[PDB]
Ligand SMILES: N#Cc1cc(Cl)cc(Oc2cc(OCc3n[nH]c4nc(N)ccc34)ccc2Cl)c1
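Just the one chain here, the form solved without this ligand, laid out as structure tokens.
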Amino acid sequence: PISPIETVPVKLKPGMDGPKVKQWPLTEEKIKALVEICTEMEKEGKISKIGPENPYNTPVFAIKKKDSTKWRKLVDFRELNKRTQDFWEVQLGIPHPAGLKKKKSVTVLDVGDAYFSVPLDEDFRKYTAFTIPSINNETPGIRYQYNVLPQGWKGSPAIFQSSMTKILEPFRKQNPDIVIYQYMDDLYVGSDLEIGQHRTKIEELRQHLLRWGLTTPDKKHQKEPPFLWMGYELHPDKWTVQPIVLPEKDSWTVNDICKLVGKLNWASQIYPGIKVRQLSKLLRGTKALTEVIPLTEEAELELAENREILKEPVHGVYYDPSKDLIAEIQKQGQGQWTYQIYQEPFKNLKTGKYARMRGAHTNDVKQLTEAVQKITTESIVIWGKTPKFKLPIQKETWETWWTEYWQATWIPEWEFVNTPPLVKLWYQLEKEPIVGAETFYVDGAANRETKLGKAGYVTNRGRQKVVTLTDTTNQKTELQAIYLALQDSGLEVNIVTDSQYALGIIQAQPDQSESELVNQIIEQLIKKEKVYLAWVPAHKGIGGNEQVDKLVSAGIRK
């Protein structure tokens, strides 16, 4: 039937009018499937025949369902959507089985003909006009309009999900201890009741929905485990993801990699150790989906070790609120991280990965803090609380970092775990000038017009050197000078630069960088035993910042 619920008032954008698009030709098979759908919907009152008083029209087309047998009537409302008002989507996320609590009895049933049972605003039904042909010369084409929610409209998902919440509100208020996970028309129902008393409560839900025009066909009424819910399999005490089959081409293109990485990201929620850095690196700078790209040696190696992880059995458990939430992070190279959330040892609730490369320059401690935040925000969505962490970083290594780091950074309750590779700082800048170390006064200068520059230094022991550069900037010359001082100094050196840009990068202690010049600076800083970096204002006559400034400015400035 049709729900007796009040419609949602919808308007077009100001100054706009309904669409006027002609129907494209359709396959004979699709025409025969669209007429049986429309002839039955016209009887049920879900669509109404219109005449010449309706100047609007919108194409339609039909695709197969996941059931693969019946047909789904879709409408290409791309024009009406551009002219329809803006909505606020009520679906704030996707439910995850790790957030489910252990229930005594579980039922998963869906609503039949979900959209087509919710009415559409009467003043808006004229814009949803469509036309369907038939056997030519034997009967012309019929023109209907939607009296319910069409599949292809912008506002249909938000209106259905909102109306579904209003319908389930009296049942939830009356049965506050019956948990109903509501995703579109799928209904996961859990209770702490005996199976006989639970099935009684299910019929009360089916009679309540039937009162609001929503039927629950027995074909989609699951009564025994495993329950097929949101793409998982719910057993009484554990869950698992439906089988994931990776593609296996030999001439991988952009579109092929885009779906391989997409499936691996979906797999990393329960399969620990998934890494997609090298595969995602190939997709850089591409232009077309059909653009073929050969895999690299590290990409072949990364894809191989991923395929081995999926050929292993793994499952998740359900959340117990009386116990703690524990997250354990493991480090992979090239800024990759994986984590495992559990309450009992080796009984994971779920897993995951973090590899978002943030900032041009960073280190492992920054990336670990970023992973702690992404996990904390993700845990608040699924369980509503913050987990306790098990991080592969020493207490002293963290105390040292947030002591010298000028920004406020904090990690919640955690403890150190000895699971290499550990997170460490590969070098430490000195806080005071080094006694017995040669003092380098470095400076760089570049010309904006010709892109020519010079980087060099003068030392308090009489040494000086100047290197010419081509196609450089003023910031790069300042960095090139610091790299030159490290190259020609001993294991302990004092450097004085006038570039707060270069000083700010080095004080943050990066171990990886997009810039190869900065990486070369990082490698030098690791080999040094002591480094002290001071700053003086440029063009103020301070020595020996003046002697080096006059040396690099010669021939490129003034």
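Start at 1 with the first residue shown and count on from there.
Worksheet entry | 466-474 versus 184-192 - greater average Cα B-factor per the deposited record | 466-474 has the higher mean C-alpha B-factor.
Item to complete: Select between 144-152 and 207-215 the stretch whose C-alpha atoms have the higher average B-factor in the entry.
Response: Mean B over CA atoms: larger for 144-152.
Worksheet entry | Out of 509, 500, 520, 68, residue topping the C-alpha B-factor column of the entry | In the PDB entry, the greatest C-alpha B-factor among 509, 500, 520, 68 is found at 68.
Worksheet item: Per the coordinate record, which of the options 548, 534, 16, 542 holds the highest CA temperature factor?
Response: Going by the entry's C-alpha B-factors, 16 comes out highest.
Worksheet entry | Record-listed C-alpha B factor of residue 485: chain third | As the PDB entry reports it, the C-alpha B-factor of residue 485 lands in the lowest third of its chain.
Item to complete: Comparing against every modelled residue in the chain, figure out the third that the C-alpha B-factor of residue 494 lands in (lowest, middle or highest).
Response: Its C-alpha B-factor, which the entry lists for residue 494, ranks in the lowest third among residues of this chain.
Discussion item. By the recorded C-alpha temperature factor, relative to the other modelled residues in its chain, which third is residue 252 in?
Written reply: Within its chain, residue 252 is a highest-third residue by C-alpha B-factor, going by the deposited values.
Worksheet entry | Chain-relative CA temperature factor third for residue 524 | It belongs to the middle third of the chain when residues are ordered by C-alpha B-factor.
Discussion item. Using the temperature factors of the C-alpha atoms in this entry, rank residue 516 within its chain: lowest, middle or highest third.
Written reply: Residue 516: CA B-factor falls in the middle third of its chain.
The protein also exists as the form solved in complex with this ligand; that form is not presented, and the subsequent description refers to it.
Practice prompt. Decide open versus blocked for this chain after superposing the C-alphas round the site and placing this ligand the way it sits in the bound PDB entry; the blocked call needs 3+ ligand atoms within 2.4 Å of backbone or C-beta.
Written response: Blocked, going by where this ligand lands after superposition on the site C-alphas.
Worksheet entry | Heavy atom within 4.5 Å of this ligand in the bound PDB entry - residue from 454, 331, 275, 103 | Partner contact (heavy atom, 4.5 Å) among the options: 103.
Discussion item. Which residue, 252, 401, 227, 124, is the contact with this ligand in the bound PDB entry, using a 4.5 Å heavy atom cutoff?
Written reply: Answer to the contact question: 227.
Discussion item. Can you tell me if residue 465 lies within 4.5 angstroms of this ligand in the bound PDB entry, counting non-hydrogen atoms only?
Written reply: Output for residue 465 is no: heavy atoms all beyond 4.5 Å of this ligand.
Discussion item. Is residue 188 near this ligand? Define near as a heavy atom within 4.5 Å, in the bound PDB entry.
Written reply: Judged by the heavy-atom cut-off of 4.5 Å, residue 188 is in contact with this ligand in the bound PDB entry.
Worksheet item: Does residue 318 reach this ligand in the bound PDB entry if we count a contact as any heavy atom within 4.5 Å?
Response: Within the cut-off, so yes.
Worksheet entry | 4.5 angstroms heavy atom contact with this ligand in the bound PDB entry for residue 326 | Result no; residue 326 lies far from this ligand in the bound PDB entry.
Item to complete: Would you point out which of 228-236, 417-425, 355-363, 124-132 contains residues with a non-hydrogen atom within 4.5 Å of this ligand in the bound PDB entry?
Response: Selected range: 228-236.
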